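What follows is the content of my_file.pdb (PDB, C-alpha atoms and all ligand atoms).
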ATOM      1  CA  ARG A1091       0.000   0.000   0.000  1.00  0.00           C
ATOM      2  CA  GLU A1092       3.002   2.205   0.745  1.00  0.00           C
ATOM      3  CA  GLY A1093       6.692   1.274   0.841  1.00  0.00           C
ATOM      4  CA  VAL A1094       8.279  -1.734  -0.864  1.00  0.00           C
ATOM      5  CA  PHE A1095       8.968  -5.467  -0.434  1.00  0.00           C
ATOM      6  CA  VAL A1096      12.393  -6.656   0.735  1.00  0.00           C
ATOM      7  CA  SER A1097      14.124  -9.708   2.102  1.00  0.00           C
ATOM      8  CA  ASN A1098      17.181 -10.023   4.320  1.00  0.00           C
ATOM      9  CA  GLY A1099      17.829 -13.317   2.394  1.00  0.00           C
ATOM     10  CA  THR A1100      15.184 -15.680   3.930  1.00  0.00           C
ATOM     11  CA  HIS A1101      12.196 -13.685   5.294  1.00  0.00           C
ATOM     12  CA  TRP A1102      10.056 -11.252   3.275  1.00  0.00           C
ATOM     13  CA  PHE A1103       8.986  -7.899   4.742  1.00  0.00           C
ATOM     14  CA  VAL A1104       7.309  -4.710   3.615  1.00  0.00           C
ATOM     15  CA  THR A1105       9.156  -1.531   4.588  1.00  0.00           C
ATOM     16  CA  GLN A1106       8.818   2.238   4.036  1.00  0.00           C
ATOM     17  CA  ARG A1107      10.796   3.687   1.068  1.00  0.00           C
ATOM     18  CA  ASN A1108      13.270   6.015   2.909  1.00  0.00           C
ATOM     19  CA  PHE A1109      13.984   4.281   6.267  1.00  0.00           C
ATOM     20  CA  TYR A1110      14.422   0.524   6.797  1.00  0.00           C
ATOM     21  CA  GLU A1111      11.805  -0.667   9.279  1.00  0.00           C
ATOM     22  CA  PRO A1112      10.726  -4.220   8.362  1.00  0.00           C
ATOM     23  CA  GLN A1113       7.129  -5.335   8.974  1.00  0.00           C
ATOM     24  CA  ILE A1114       5.423  -8.698   8.354  1.00  0.00           C
ATOM     25  CA  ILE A1115       3.541  -8.715   5.030  1.00  0.00           C
ATOM     26  CA  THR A1116      -0.211  -8.699   5.799  1.00  0.00           C
ATOM     27  CA  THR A1117      -3.667  -8.217   4.219  1.00  0.00           C
ATOM     28  CA  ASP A1118      -3.587  -4.781   5.984  1.00  0.00           C
ATOM     29  CA  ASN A1119      -0.141  -3.735   4.551  1.00  0.00           C
ATOM     30  CA  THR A1120      -1.114  -4.696   0.962  1.00  0.00           C
ATOM     31  CA  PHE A1121      -3.743  -4.636  -1.779  1.00  0.00           C
ATOM     32  CA  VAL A1122      -4.613  -7.428  -4.223  1.00  0.00           C
ATOM     33  CA  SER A1123      -4.717  -7.086  -7.991  1.00  0.00           C
ATOM     34  CA  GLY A1124      -4.817  -9.493 -10.972  1.00  0.00           C
ATOM     35  CA  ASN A1125      -3.089 -12.884 -10.496  1.00  0.00           C
ATOM     36  CA  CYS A1126       0.400 -14.506 -10.396  1.00  0.00           C
ATOM     37  CA  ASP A1127       0.700 -14.923 -14.236  1.00  0.00           C
ATOM     38  CA  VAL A1128       0.777 -11.207 -15.141  1.00  0.00           C
ATOM     39  CA  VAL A1129       3.594  -9.541 -13.109  1.00  0.00           C
ATOM     40  CA  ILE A1130       7.243  -9.854 -14.255  1.00  0.00           C
ATOM     41  CA  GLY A1131       9.486 -11.038 -11.371  1.00  0.00           C
ATOM     42  CA  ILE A1132       6.770 -11.776  -8.738  1.00  0.00           C
ATOM     43  CA  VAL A1133       7.867 -14.113  -5.854  1.00  0.00           C
ATOM     44  CA  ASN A1134       6.194 -16.536  -3.406  1.00  0.00           C
ATOM     45  CA  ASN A1135       5.703 -15.836   0.325  1.00  0.00           C
ATOM     46  CA  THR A1136       2.856 -16.210   2.883  1.00  0.00           C
ATOM     47  CA  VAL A1137       0.672 -13.128   3.487  1.00  0.00           C
ATOM     48  CA  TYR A1138      -0.581 -13.005   7.081  1.00  0.00           C
ATOM     49  CA  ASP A1139      -4.266 -12.137   7.755  1.00  0.00           C
ATOM     50  CA  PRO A1140      -5.063 -10.425  11.129  1.00  0.00           C
ATOM     51  CA  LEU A1141      -8.739 -11.540  11.174  1.00  0.00           C
ATOM     52  CA  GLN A1142      -7.915 -15.291  11.236  1.00  0.00           C
ATOM     53  CA  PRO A1143      -6.154 -15.333  14.684  1.00  0.00           C
ATOM     54  CA  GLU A1144      -9.399 -13.740  15.999  1.00  0.00           C
ATOM     55  CA  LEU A1145     -11.644 -16.266  14.146  1.00  0.00           C
ATOM     56  CA  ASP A1146      -9.468 -19.025  15.724  1.00  0.00           C
ATOM     57  CA  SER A1147     -11.817 -18.503  18.756  1.00  0.00           C
TER      58      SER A1147
ATOM     59  CA  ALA B 893      22.698   6.736  -5.019  1.00  0.00           C
ATOM     60  CA  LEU B 894      20.547   3.765  -3.888  1.00  0.00           C
ATOM     61  CA  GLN B 895      20.040   1.063  -6.543  1.00  0.00           C
ATOM     62  CA  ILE B 896      16.443   0.017  -7.340  1.00  0.00           C
ATOM     63  CA  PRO B 897      15.137  -2.241 -10.195  1.00  0.00           C
ATOM     64  CA  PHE B 898      13.870  -0.056 -13.051  1.00  0.00           C
ATOM     65  CA  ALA B 899      10.301  -1.426 -13.076  1.00  0.00           C
ATOM     66  CA  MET B 900      10.074  -0.656  -9.322  1.00  0.00           C
ATOM     67  CA  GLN B 901      11.312   2.890  -9.968  1.00  0.00           C
ATOM     68  CA  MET B 902       8.521   3.321 -12.526  1.00  0.00           C
ATOM     69  CA  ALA B 903       6.078   1.836  -9.987  1.00  0.00           C
ATOM     70  CA  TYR B 904       7.048   4.600  -7.534  1.00  0.00           C
ATOM     71  CA  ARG B 905       6.792   7.184 -10.357  1.00  0.00           C
ATOM     72  CA  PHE B 906       3.264   6.023 -11.322  1.00  0.00           C
ATOM     73  CA  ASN B 907       2.269   6.129  -7.643  1.00  0.00           C
ATOM     74  CA  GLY B 908       3.673   9.717  -7.698  1.00  0.00           C
ATOM     75  CA  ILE B 909       0.843  10.697 -10.167  1.00  0.00           C
ATOM     76  CA  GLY B 910      -1.992   8.845  -8.349  1.00  0.00           C
ATOM     77  CA  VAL B 911      -1.863   5.794 -10.693  1.00  0.00           C
ATOM     78  CA  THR B 912      -1.699   2.610  -8.601  1.00  0.00           C
ATOM     79  CA  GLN B 913       1.513   0.520  -8.906  1.00  0.00           C
ATOM     80  CA  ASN B 914      -0.252  -2.549 -10.348  1.00  0.00           C
ATOM     81  CA  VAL B 915      -1.300  -0.407 -13.381  1.00  0.00           C
ATOM     82  CA  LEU B 916       2.420  -0.422 -14.263  1.00  0.00           C
ATOM     83  CA  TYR B 917       3.231  -4.045 -13.508  1.00  0.00           C
ATOM     84  CA  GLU B 918       0.158  -5.449 -15.316  1.00  0.00           C
ATOM     85  CA  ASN B 919       1.116  -3.322 -18.393  1.00  0.00           C
ATOM     86  CA  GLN B 920       4.941  -3.393 -18.215  1.00  0.00           C
ATOM     87  CA  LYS B 921       5.558  -4.717 -21.776  1.00  0.00           C
ATOM     88  CA  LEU B 922       3.049  -2.222 -23.253  1.00  0.00           C
ATOM     89  CA  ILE B 923       4.698   0.630 -21.298  1.00  0.00           C
ATOM     90  CA  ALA B 924       8.199  -0.448 -22.399  1.00  0.00           C
ATOM     91  CA  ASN B 925       7.040  -0.694 -26.058  1.00  0.00           C
ATOM     92  CA  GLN B 926       5.434   2.784 -25.852  1.00  0.00           C
ATOM     93  CA  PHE B 927       8.581   4.276 -24.271  1.00  0.00           C
ATOM     94  CA  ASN B 928      11.035   2.572 -26.691  1.00  0.00           C
ATOM     95  CA  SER B 929       8.838   3.617 -29.658  1.00  0.00           C
ATOM     96  CA  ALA B 930       8.582   7.223 -28.377  1.00  0.00           C
ATOM     97  CA  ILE B 931      12.411   7.518 -28.053  1.00  0.00           C
ATOM     98  CA  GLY B 932      12.633   6.284 -31.687  1.00  0.00           C
ATOM     99  CA  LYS B 933      10.209   9.071 -32.744  1.00  0.00           C
ATOM    100  CA  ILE B 934      12.550  11.697 -31.172  1.00  0.00           C
ATOM    101  CA  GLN B 935      15.410  10.494 -33.432  1.00  0.00           C
ATOM    102  CA  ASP B 936      13.113  10.800 -36.475  1.00  0.00           C
ATOM    103  CA  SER B 937      11.938  14.297 -35.385  1.00  0.00           C
ATOM    104  CA  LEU B 938      15.537  15.536 -34.861  1.00  0.00           C
ATOM    105  CA  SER B 939      16.736  13.825 -38.096  1.00  0.00           C
ATOM    106  CA  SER B 940      13.873  15.316 -40.204  1.00  0.00           C
ATOM    107  CA  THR B 941      14.704  19.042 -39.633  1.00  0.00           C
ATOM    108  CA  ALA B 942      17.259  21.292 -37.894  1.00  0.00           C
TER     109      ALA B 942
HETATM  110  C1  LIG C1201      15.622 -12.368   8.444  1.00  0.00           C
HETATM  111  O1  LIG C1201      14.830 -11.730   9.490  1.00  0.00           O
HETATM  112  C2  LIG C1201      14.164 -12.646  10.439  1.00  0.00           C
HETATM  113  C3  LIG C1201      13.472 -11.805  11.516  1.00  0.00           C
HETATM  114  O2  LIG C1201      14.421 -10.877  12.072  1.00  0.00           O
HETATM  115  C4  LIG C1201      15.195 -13.605  11.037  1.00  0.00           C
HETATM  116  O3  LIG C1201      14.475 -14.667  11.751  1.00  0.00           O
HETATM  117  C5  LIG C1201      14.648 -14.645  13.201  1.00  0.00           C
HETATM  118  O4  LIG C1201      16.034 -14.988  13.531  1.00  0.00           O
HETATM  119  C6  LIG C1201      16.322 -14.997  14.987  1.00  0.00           C
HETATM  120  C7  LIG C1201      17.821 -15.257  15.180  1.00  0.00           C
HETATM  121  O5  LIG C1201      18.235 -16.372  14.365  1.00  0.00           O
HETATM  122  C8  LIG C1201      15.411 -16.038  15.659  1.00  0.00           C
HETATM  123  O6  LIG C1201      15.569 -15.969  17.094  1.00  0.00           O
HETATM  124  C9  LIG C1201      13.933 -15.752  15.354  1.00  0.00           C
HETATM  125  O7  LIG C1201      13.117 -16.802  15.943  1.00  0.00           O
HETATM  126  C10 LIG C1201      13.692 -15.669  13.841  1.00  0.00           C
HETATM  127  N1  LIG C1201      12.305 -15.279  13.586  1.00  0.00           N
HETATM  128  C11 LIG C1201      11.534 -15.883  12.688  1.00  0.00           C
HETATM  129  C12 LIG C1201      10.152 -15.256  12.463  1.00  0.00           C
HETATM  130  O8  LIG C1201      11.909 -16.868  12.056  1.00  0.00           O
HETATM  131  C13 LIG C1201      16.045 -14.295   9.974  1.00  0.00           C
HETATM  132  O9  LIG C1201      17.031 -15.115  10.645  1.00  0.00           O
HETATM  133  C14 LIG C1201      16.709 -13.273   9.056  1.00  0.00           C
HETATM  134  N2  LIG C1201      17.445 -13.946   7.993  1.00  0.00           N
HETATM  135  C15 LIG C1201      18.585 -13.481   7.506  1.00  0.00           C
HETATM  136  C16 LIG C1201      19.132 -14.222   6.282  1.00  0.00           C
HETATM  137  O10 LIG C1201      19.150 -12.504   7.995  1.00  0.00           O
HETATM  138  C1  LIG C1202       5.254 -20.101  -6.790  1.00  0.00           C
HETATM  139  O1  LIG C1202       4.362 -21.187  -6.386  1.00  0.00           O
HETATM  140  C2  LIG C1202       3.677 -21.853  -7.513  1.00  0.00           C
HETATM  141  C3  LIG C1202       2.760 -22.937  -6.942  1.00  0.00           C
HETATM  142  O2  LIG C1202       1.931 -22.345  -5.927  1.00  0.00           O
HETATM  143  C4  LIG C1202       4.721 -22.418  -8.484  1.00  0.00           C
HETATM  144  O3  LIG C1202       3.996 -22.886  -9.676  1.00  0.00           O
HETATM  145  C5  LIG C1202       4.344 -24.212 -10.199  1.00  0.00           C
HETATM  146  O4  LIG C1202       5.614 -24.149 -10.927  1.00  0.00           O
HETATM  147  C6  LIG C1202       6.059 -25.418 -11.567  1.00  0.00           C
HETATM  148  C7  LIG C1202       7.364 -25.151 -12.331  1.00  0.00           C
HETATM  149  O5  LIG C1202       7.159 -24.110 -13.308  1.00  0.00           O
HETATM  150  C8  LIG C1202       4.942 -25.981 -12.465  1.00  0.00           C
HETATM  151  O6  LIG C1202       5.283 -27.328 -12.864  1.00  0.00           O
HETATM  152  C9  LIG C1202       3.600 -26.059 -11.725  1.00  0.00           C
HETATM  153  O7  LIG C1202       2.579 -26.531 -12.649  1.00  0.00           O
HETATM  154  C10 LIG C1202       3.238 -24.677 -11.164  1.00  0.00           C
HETATM  155  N1  LIG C1202       1.947 -24.723 -10.474  1.00  0.00           N
HETATM  156  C11 LIG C1202       1.053 -23.742 -10.584  1.00  0.00           C
HETATM  157  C12 LIG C1202      -0.205 -23.870  -9.713  1.00  0.00           C
HETATM  158  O8  LIG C1202       1.220 -22.787 -11.341  1.00  0.00           O
HETATM  159  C13 LIG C1202       5.715 -21.339  -8.931  1.00  0.00           C
HETATM  160  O9  LIG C1202       6.743 -21.946  -9.757  1.00  0.00           O
HETATM  161  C14 LIG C1202       6.355 -20.633  -7.728  1.00  0.00           C
HETATM  162  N2  LIG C1202       7.202 -19.531  -8.182  1.00  0.00           N
HETATM  163  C15 LIG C1202       8.419 -19.309  -7.700  1.00  0.00           C
HETATM  164  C16 LIG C1202       9.167 -18.092  -8.263  1.00  0.00           C
HETATM  165  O10 LIG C1202       8.918 -20.034  -6.843  1.00  0.00           O
HETATM  166  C1  LIG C1203      16.951 -11.365 -13.350  1.00  0.00           C
HETATM  167  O1  LIG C1203      18.357 -11.451 -13.736  1.00  0.00           O
HETATM  168  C2  LIG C1203      18.912 -12.824 -13.737  1.00  0.00           C
HETATM  169  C3  LIG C1203      20.407 -12.725 -14.055  1.00  0.00           C
HETATM  170  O2  LIG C1203      20.989 -11.740 -13.178  1.00  0.00           O
HETATM  171  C4  LIG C1203      18.123 -13.662 -14.752  1.00  0.00           C
HETATM  172  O3  LIG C1203      18.595 -15.027 -14.731  1.00  0.00           O
HETATM  173  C5  LIG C1203      16.634 -13.671 -14.383  1.00  0.00           C
HETATM  174  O4  LIG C1203      15.914 -14.433 -15.394  1.00  0.00           O
HETATM  175  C6  LIG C1203      16.087 -12.237 -14.291  1.00  0.00           C
HETATM  176  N1  LIG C1203      14.704 -12.263 -13.816  1.00  0.00           N
HETATM  177  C7  LIG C1203      13.830 -11.305 -14.103  1.00  0.00           C
HETATM  178  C8  LIG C1203      12.439 -11.466 -13.484  1.00  0.00           C
HETATM  179  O5  LIG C1203      14.133 -10.341 -14.805  1.00  0.00           O
END
Rewrite the structure of this file - the entire thing - as structure tokens.
Amino acid sequence: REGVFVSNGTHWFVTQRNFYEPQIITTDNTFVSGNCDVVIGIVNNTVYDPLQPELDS
Amino acid sequence: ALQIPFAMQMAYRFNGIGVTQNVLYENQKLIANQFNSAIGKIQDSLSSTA
């Protein structure tokens, strides 16, 4: 949604463009579009979803 | 100077005009063909007349 994806070499994070501050990639940090065929150089990682830990009740 | 992949630079630049980043990435080959073609048209324009 803002900032950019990065990895330290094993874990993927989003972070803001001008100051490294890694955050877990989530359904709140991101927006969906299209599908995995279209984008050049897309990569595979889990996206965490903050509702599901609540619906684990 | 901080390196960044050129498509991701254009994604920031599109987001800088209120066009959402995925509008670049879903159209990257079209955008590259338009840009490469437009540069070619500058050479023709400059070649055609002083
Ligand atoms: C990439 O970043 C993650 C998070 O900082 C690192 O994973 C953690 O590493 C520490 C130390 O080895 C562990 O105590 C934590 O349990 C790890 N957390 C998770 C969520 O796995 C990871 O090691 C870093 N990788 C590189 C290549 O630097
Ligand atoms: C990301 O994950 C998908 C599966 O979720 C991978 O897609 C498979 O890739 C192999 C090799 O090209 C194919 O034989 C399978 O048929 C693909 N399956 C699907 C559902 O498309 C994909 O390769 C992974 N991408 C990366 C960069 O690791
Ligand atoms: C990125 O560059 C490597 C070589 O450095 C190449 O093998 C790979 O196919 C390229 N991938 C993309 C998505 O451009």
Using only C-alpha atoms and all ligand atoms, what are the residues with an atom within 6 Å of ligand LIG 1201 (chain C), set out as a PDB file with C-alpha atoms, keeping the file's coordinate frame?
ATOM      1  CA  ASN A1098      17.181 -10.023   4.320  1.00  0.00           C
ATOM      2  CA  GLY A1099      17.829 -13.317   2.394  1.00  0.00           C
ATOM      3  CA  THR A1100      15.184 -15.680   3.930  1.00  0.00           C
ATOM      4  CA  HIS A1101      12.196 -13.685   5.294  1.00  0.00           C
TER       5      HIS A1101
END
Result set, the PyMOL selection byres (((not hetatm)) within 9 of (chain C and resi 1203)) on current file, as a PyMOL selection string: chain A and resi 1130-1132
Protein and nucleic acid residues within 12 Å of ligand LIG 1202 (chain C) (all atoms listed in the file) as a ChimeraX atom specification: /A:1125-1127,1129-1136
Answer key for the ChimeraX specification (/A :<10) & /B, residues as an MDAnalysis selection string: chainID B and resid 899:900 904 907 912:921
Atomic distance atom CA of residue 894 of chain B - atom CA of residue 1117 of chain A, expressed in Å with one decimal: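 Atom-to-atom, atom CA of residue 894 of chain B and atom CA of residue 1117 of chain A are spaced 28.2 Å apart.
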Shell around residue 1138 of chain A at 9 Å using only C-alpha atoms, local window under 6 positions removed, as an mmCIF file with C-alpha atoms, in the frame of the given file:
data_model
loop_
_atom_site.group_PDB
_atom_site.id
_atom_site.type_symbol
_atom_site.label_atom_id
_atom_site.label_comp_id
_atom_site.auth_asym_id
_atom_site.auth_seq_id
_atom_site.Cartn_x
_atom_site.Cartn_y
_atom_site.Cartn_z
ATOM 1 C CA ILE A 1114 5.423 -8.698 8.354
ATOM 2 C CA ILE A 1115 3.541 -8.715 5.030
ATOM 3 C CA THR A 1116 -0.211 -8.699 5.799
ATOM 4 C CA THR A 1117 -3.667 -8.217 4.219
ATOM 5 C CA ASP A 1118 -3.587 -4.781 5.984
#
Residues matched by the PyMOL selection byres (((chain A and resi 1111) around 12) and not hetatm) as a count of residues only: 17
Computed interatomic separation between atom CA of residue 1139 of chain A and atom CA of residue 906 of chain B (Å):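 Spanning atom CA of residue 1139 of chain A to atom CA of residue 906 of chain B is a straight-line distance of 27.4 Å.
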Interatomic distance (Å, one decimal) between atom CA of residue 911 of chain B and atom CA of residue 1137 of chain A: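 That distance, rounded to one decimal, is 23.8 Å.
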Filled-in N, CA and C atoms of segment 1110-1132 of chain A, supplied as an mmCIF file, in the frame of the given file:
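Final output, result_8.cif:
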data_model
loop_
_atom_site.group_PDB
_atom_site.id
_atom_site.type_symbol
_atom_site.label_atom_id
_atom_site.label_comp_id
_atom_site.auth_asym_id
_atom_site.auth_seq_id
_atom_site.Cartn_x
_atom_site.Cartn_y
_atom_site.Cartn_z
ATOM 1 N N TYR A 1110 14.634 1.939 6.573
ATOM 2 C CA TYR A 1110 14.422 0.524 6.797
ATOM 3 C C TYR A 1110 13.805 0.279 8.165
ATOM 4 N N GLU A 1111 12.644 -0.339 8.141
ATOM 5 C CA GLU A 1111 11.805 -0.667 9.279
ATOM 6 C C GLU A 1111 10.930 -1.839 8.821
ATOM 7 N N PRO A 1112 11.397 -3.080 8.945
ATOM 8 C CA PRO A 1112 10.726 -4.220 8.362
ATOM 9 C C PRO A 1112 9.450 -4.532 9.126
ATOM 10 N N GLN A 1113 8.389 -4.869 8.409
ATOM 11 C CA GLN A 1113 7.129 -5.335 8.974
ATOM 12 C C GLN A 1113 6.670 -6.591 8.249
ATOM 13 N N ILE A 1114 5.999 -7.495 8.955
ATOM 14 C CA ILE A 1114 5.423 -8.698 8.354
ATOM 15 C C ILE A 1114 4.472 -8.295 7.230
ATOM 16 N N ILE A 1115 4.440 -9.043 6.133
ATOM 17 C CA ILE A 1115 3.541 -8.715 5.030
ATOM 18 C C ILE A 1115 2.145 -9.230 5.372
ATOM 19 N N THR A 1116 1.146 -8.355 5.366
ATOM 20 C CA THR A 1116 -0.211 -8.699 5.799
ATOM 21 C C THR A 1116 -1.269 -8.186 4.835
ATOM 22 N N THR A 1117 -2.479 -8.727 4.927
ATOM 23 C CA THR A 1117 -3.667 -8.217 4.219
ATOM 24 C C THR A 1117 -3.986 -6.754 4.540
ATOM 25 N N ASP A 1118 -3.485 -6.202 5.648
ATOM 26 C CA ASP A 1118 -3.587 -4.781 5.984
ATOM 27 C C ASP A 1118 -2.487 -3.911 5.360
ATOM 28 N N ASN A 1119 -1.275 -4.444 5.172
ATOM 29 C CA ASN A 1119 -0.141 -3.735 4.551
ATOM 30 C C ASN A 1119 -0.185 -3.701 3.016
ATOM 31 N N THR A 1120 -1.129 -4.397 2.396
ATOM 32 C CA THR A 1120 -1.114 -4.696 0.962
ATOM 33 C C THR A 1120 -2.479 -4.525 0.312
ATOM 34 N N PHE A 1121 -2.514 -4.528 -1.011
ATOM 35 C CA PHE A 1121 -3.743 -4.636 -1.779
ATOM 36 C C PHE A 1121 -3.564 -5.662 -2.887
ATOM 37 N N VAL A 1122 -4.611 -6.422 -3.167
ATOM 38 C CA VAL A 1122 -4.613 -7.428 -4.223
ATOM 39 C C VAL A 1122 -4.834 -6.765 -5.569
ATOM 40 N N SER A 1123 -4.228 -7.293 -6.627
ATOM 41 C CA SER A 1123 -4.717 -7.086 -7.991
ATOM 42 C C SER A 1123 -4.373 -8.267 -8.890
ATOM 43 N N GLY A 1124 -5.157 -8.516 -9.935
ATOM 44 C CA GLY A 1124 -4.817 -9.493 -10.972
ATOM 45 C C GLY A 1124 -4.572 -10.902 -10.430
ATOM 46 N N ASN A 1125 -3.545 -11.572 -10.951
ATOM 47 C CA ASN A 1125 -3.089 -12.884 -10.496
ATOM 48 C C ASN A 1125 -1.609 -13.117 -10.855
ATOM 49 N N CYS A 1126 -1.018 -14.162 -10.283
ATOM 50 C CA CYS A 1126 0.400 -14.506 -10.396
ATOM 51 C C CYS A 1126 0.975 -14.689 -11.814
ATOM 52 N N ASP A 1127 0.171 -14.807 -12.870
ATOM 53 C CA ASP A 1127 0.700 -14.923 -14.236
ATOM 54 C C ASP A 1127 1.221 -13.595 -14.804
ATOM 55 N N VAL A 1128 0.652 -12.463 -14.384
ATOM 56 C CA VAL A 1128 0.777 -11.207 -15.141
ATOM 57 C C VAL A 1128 2.079 -10.458 -14.850
ATOM 58 N N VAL A 1129 2.470 -10.369 -13.577
ATOM 59 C CA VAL A 1129 3.594 -9.541 -13.109
ATOM 60 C C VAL A 1129 4.941 -10.177 -13.432
ATOM 61 N N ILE A 1130 5.857 -9.417 -14.032
ATOM 62 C CA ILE A 1130 7.243 -9.854 -14.255
ATOM 63 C C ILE A 1130 8.002 -9.857 -12.927
ATOM 64 N N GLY A 1131 8.618 -10.976 -12.552
ATOM 65 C CA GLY A 1131 9.486 -11.038 -11.371
ATOM 66 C C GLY A 1131 8.767 -11.110 -10.023
ATOM 67 N N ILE A 1132 7.484 -11.465 -9.985
ATOM 68 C CA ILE A 1132 6.770 -11.776 -8.738
ATOM 69 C C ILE A 1132 7.388 -12.983 -8.016
#
